[PDB]
Each structure stands twice: as C-alpha cells, then as structure tokens.
Amino acid sequence: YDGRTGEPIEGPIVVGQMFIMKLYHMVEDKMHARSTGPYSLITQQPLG
Amino acid sequence: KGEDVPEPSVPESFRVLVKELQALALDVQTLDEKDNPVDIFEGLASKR
Amino acid sequence: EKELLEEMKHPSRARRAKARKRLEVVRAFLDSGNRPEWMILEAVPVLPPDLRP
DNA sequence: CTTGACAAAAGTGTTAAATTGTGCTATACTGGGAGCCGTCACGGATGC
DNA sequence: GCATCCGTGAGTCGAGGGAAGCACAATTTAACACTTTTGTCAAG
C-alpha cells in the first residue's frame with residue numbers, strides 16, 4: 001500500500017528482509033567548502 | 001565592500017615560469033604591440 | 001650558410017637532407033640574433049630563493 | 001606656547017667570553033662498489 | 001635494414017605521510033658602565 005494515498009501499488013511488489021551494510025564513506029567526512037585559506041609556498045596557489 | 005571585483009592581472013605562476021626559464025639561461029621576454037618589452041614584475045627585478 | 005647552400009645542390013639526397021638540417025640551424029641562429037657560443041654557460045643564473053625556499 | 005628640572009629608554013665605547021675558522025699531526029699504507037629482468041611497449045627520429 | 005636512443009602513457013578525491021682531536025688566531029656576541037635624547041610633570 002502507498003502510505004501517502006492509502007491506495008495500493010497497482011502491481012504486487014517484492015517485499016522482503018535484506019541485510020544492508022552502512023559503509024565507511026559518509027558525507028560528513030566528505031563535505032568541504034572554502035572561500036579563502038592557505039596558499040602554496042612557490043606558486044601561491046591554494047592548497048589541496 | 002559591496003563592489004564588483006576588479007580586472008585581474010598576470011598570475012604568479014607565470015612569473016614563476018618566467019623566472020625558472022631565466023634560471024635555465026633562457027631569455028623569456030613579454031612584448032607589446034610594438035615589440036617593446038613589458039615588465040610584468042612591476043620594476044621589482046630591474047636593476048635600477 | 002654559403003657553403004651549406006652550395007652543398008645543397010649535391011645530387012645525393014642524404015647530403016641534401018644533412019645540409020638542410022644544418023642550414024635550418026644556421027638560419028635560426030642568424031635570424032634570431034643569438035650567438036652560437038651562448039650555448040655554453042660562463043655565468044650560471046641562480047633562481048630567486050623564494051622559488052627554492 | 002615656554003623653560004626647567006629629571007626617570008628612563010636608547011645609543012655608545014671597551015672587554016672578557018664564547019663561538020668559529022684554520023693549520024697540523026712523520027712506520028707504512030697507492031685503481032670503487034653496488035650491482036643484480038616479469039629488463040615496459042611502442043612509435044618517432046637519427047645514423048650509420 | 002637495423003640499431004640505438006628518447007619520450008609517452010585519464011581525471012578528481014582522501015590518508016597518512018612528517019677520522020678525530022687539539023692548539024691557536026679571528027670574529028662575534030653579550031655585557032657593562034656611561035652619555036645621551038625621549039618622554040613626561042611642574043608650573044609660568
């Protein structure tokens with residue numbers, strides 16, 4: 001059934017129990033932003 | 001200050017490139033429409 | 001350059017190719033205004049220390 | 001807007017002390033050592 | 001005709017990665033009493 005409408009899904013749906021792992025790759029450790037910051041010694045370009 | 005950013009200038013990486021090429025004993029010179037040298041170092045590397 | 005031009009009329013193809021290569025180098029040096037002996041360093045330039053910090 | 005001192009922060013000579021640069025040591029000694037293949041494969045150029 | 005030499009081989013990101021003395025002469029530095037100038041405070 002559809003929780004938003006209460007009407008059923010027009011076709012039967014494969015529903016079961018499956019084992020799912022939460023991987024080490026998280027957006028918390030991957031989101032990054034910068035306006036200004038450190039610069040390189042020689043080229044004076046921003047670091048990485 | 002709420003203004004528009006100014007027109008940019010020569011990158012520092014190009015200045016580093018020119019200085020390294022000079023260190024290789026290569027006379028790299030930036031010229032103008034009339035083939036006269038143009039100082040991209042703001043007079044900071046010209047011996048008086 | 002004059003000798004290379006004169007040798008450029010040799011019937012042999014390899015001789016003309018060698019003359020052409022040597023003459024291209026000579027023409028480059030003549031037109032550029034560079035001197036050949038400038039290819040040997042008497043004073044070695046030293047990079048500014050901030051580029052070699 | 002001024003002198004009329006004066007505590008003090010700064011500048012000025014010498015000196016004793018670390019700190020640093022240089023020479024010298026006399027039995028005889030006399031040509032290095034780390035190398036070491038999945039050697040990377042493949043075009044482009046020179047040149048014998 | 002082959003032999004040899006040389007330059008080339010994707011991008012962004014993170015993650016951790018990080019024979020030696022000894023003596024002696026010069027030289028430099030630290031320190032130290034002294035003259036300063038440099039601020040101040042006092043009234044005129």
Side-chain angles (χ1 to χ4, degrees), chain A residues 2-4 13-48, chain B, chain C:
Chain A
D2 190 2
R4 294 126 64 203
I13 303 296
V14 169
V15 176
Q17 185 178 3
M18 184 178 72
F19 175 83
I20 292 184
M21 295 180 286
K22 177 189 186 184
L23 302 196
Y24 171 80
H25 308 291
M26 299 176 187
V27 67
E28 163 148 36
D29 304 321
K30 302 200 170 191
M31 176 185 111
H32 174 53
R34 182 178 182 269
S35 50
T36 56
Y39 294 100
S40 179
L41 267 170
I42 309 183
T43 42
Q44 287 298 327
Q45 292 171 9
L47 296 178
Chain B
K1 291 182 183 292
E3 293 179 353
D4 208 8
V5 303
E7 294 307 357
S9 185
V10 62
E12 194 74 8
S13 309
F14 180 65
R15 289 195 183 120
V16 168
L17 165 79
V18 168
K19 279 317 174 184
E20 295 176 353
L21 280 172
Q22 288 191 355
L24 281 166
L26 302 179
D27 183 12
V28 178
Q29 188 64 255
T30 61
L31 311 175
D32 62 345
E33 297 87 356
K34 299 293 183 182
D35 279 358
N36 298 124
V38 167
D39 190 61
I40 65 175
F41 297 101
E42 301 327 324
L44 297 182
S46 58
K47 281 215 302 186
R48 297 292 187 269
Chain C
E1 178 187 16
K2 274 162 37 72
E3 300 172 9
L4 289 195
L5 281 180
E6 267 285 349
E7 183 176 0
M8 198 81 201
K9 294 139 58 185
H10 203 255
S12 173
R13 294 182 184 174
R15 291 285 289 272
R16 288 187 289 113
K18 182 167 208 233
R20 194 191 80 255
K21 279 136 189 154
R22 294 200 58 193
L23 198 43
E24 284 188 352
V25 178
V26 176
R27 295 286 181 87
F29 265 112
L30 275 181
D31 304 359
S32 66
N34 302 333
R35 298 294 297 162
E37 67 271 15
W38 294 354
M39 289 188 288
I40 297 89
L41 299 176
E42 293 196 338
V44 181
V46 176
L47 197 67
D50 267 7
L51 308 193
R52 53 180 173 84

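Quick note on labels: first sequence line is chain A, next is B, and so on, each numbered from 1.
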Within this structure, what is the NZ-to-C1' distance between C/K21 and D/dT46, rounded to whole angstrom? 8 Å
Could you check whether A/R34 makes a cation-pi contact with A/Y39, meaning its NZ or CZ is under 6.0 Å from the centre of the six-membered ring and within 45° of the ring axis? yes
Six-membered rings of E/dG9 and E/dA10: centres under 5.5 Å apart, planes under 30°? no
With rounding to whole Å, what would you report as the distance between D/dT14 and E/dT29 at their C1' atoms? 14 Å
Atom NE2 of A/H25 and atom P of E/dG14: how far apart are they, to the nearest Å? 14 Å
Ring-centre distance below 5.5 Å and interplanar angle below 30°, E/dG17 vs E/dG18: no
To the nearest Å, how far apart are A/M26 CE and E/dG14 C1'? 15 Å
Sugar of D/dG4 - north (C1'-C2'-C3'-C4' positive) or south (negative): south
Give a yes or no on whether a salt bridge exists between B/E12 and B/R15, defined as a side-chain N under 4.0 angstrom from a carboxylate O. yes
Could you report the tightest heavy-atom contact between C/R20 and C/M8, atom names first, then the distance? CB-CE, 3.6 Å
In whole Å, what separates the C1' atom of E/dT40 from that of D/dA8? 10 Å
Expressed in whole Å, how much space separates the P atoms belonging to D/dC37 and D/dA41? 15 Å
Taking the same atom, P, in D/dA17 and in E/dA33, what whole-Å distance lies between them? 14 Å
Given that D/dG31 and D/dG32 are neighbours in the strand, would their base rings pass a stacking test of centres under 5.5 angstrom and planes under 30 degrees? no
Taking only the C1' atom of each, what is the distance from E/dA26 to D/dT15 in whole angstrom? 16 Å
Which donor-acceptor pairs under 3.5 Å do the side chains of residues 19-28 of chain B make with protein atoms, sequence neighbours left out?
{"from": "B/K19", "atom 1": "NZ", "to": "B/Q22", "atom 2": "OE1", "distance (Å)": "3.0"}

Taking E/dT8 as the reference, what is the distance to D/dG38 when you measure between their P atoms (whole Å, please)? 24 Å
Examine the six-membered rings in the bases of D/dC42 and D/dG43 and report whether their centres are under 5.5 angstrom apart and their planes under 30 degrees. yes
Under 3.5 Å, is there a donor-acceptor pair between the side chain of A/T43 and the main chain of A/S40? no
With a cut-off of 6.0 Å (strictly less than), are more than 12 heavy atoms of other residues, nucleotides or ligands near CZ of C/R13? no
Going strictly by the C1'-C2'-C3'-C4' torsion (positive north, negative south), how would you label E/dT29? south
Rounded to whole Å, the CG-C1' distance (A/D29 to E/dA15) equals 12 Å
Using Watson-Crick or G-U wobble geometry with both distances below 3.5 Å, tell me the partner of D/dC37, or none. none
A/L23 CG to E/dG14 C1': how many Å, rounded? 16 Å
Considering only the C1' atoms, how many Å lie between E/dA31 and D/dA18, rounded to the nearest integer? 13 Å
Under the salt bridge (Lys or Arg N to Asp or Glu O under 4.0 Å) criterion, do C/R35 and C/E37 qualify, and how do the steps go? CA-CA 6 Å; C/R35 298 294 297 162; C/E37 67 271 15; 3.2 Å; yes
Roughly how far apart, to the nearest Å, are D/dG35 and E/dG14 at atom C1'? 38 Å
D/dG13 sugar pucker (north/south) via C1'-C2'-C3'-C4': north
North or south for the sugar of E/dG17? Use the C1'-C2'-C3'-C4' sign convention, positive meaning north. north
Secondary structure string for DNA chain E (Watson-Crick or G-U under 3.5 angstrom, | for other-strand pairs): .||||||||..........|||||.|||.|||||||||..||||
Between A/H32 (NE2) and E/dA15 (P), how many Å, whole number? 12 Å
Sugar geometry class by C1'-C2'-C3'-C4' for D/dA18: south
Could you tell me whether B/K34 and B/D32 have a side-chain N and a carboxylate O separated by less than 4.0 Å? no
Please classify the glycosidic conformation of D/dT39 as syn (within 90° of 0) or anti (everything else). syn
Can you tell me how far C1' of E/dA15 sits from OH of A/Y24, to the nearest Å? 8 Å
Rounding to 0.5 Å, atoms CG (C/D50) and CG (A/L41) come to a distance of 8.5 Å
Kindly state whether the bases of D/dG21 and D/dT22 qualify as stacked, with ring centres closer than 5.5 Å and planes tilted less than 30 degrees? yes
Take the protein atom NZ of A/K30 and the nucleotide atom P of E/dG14, then report the distance between them rounded to whole Å. 10 Å
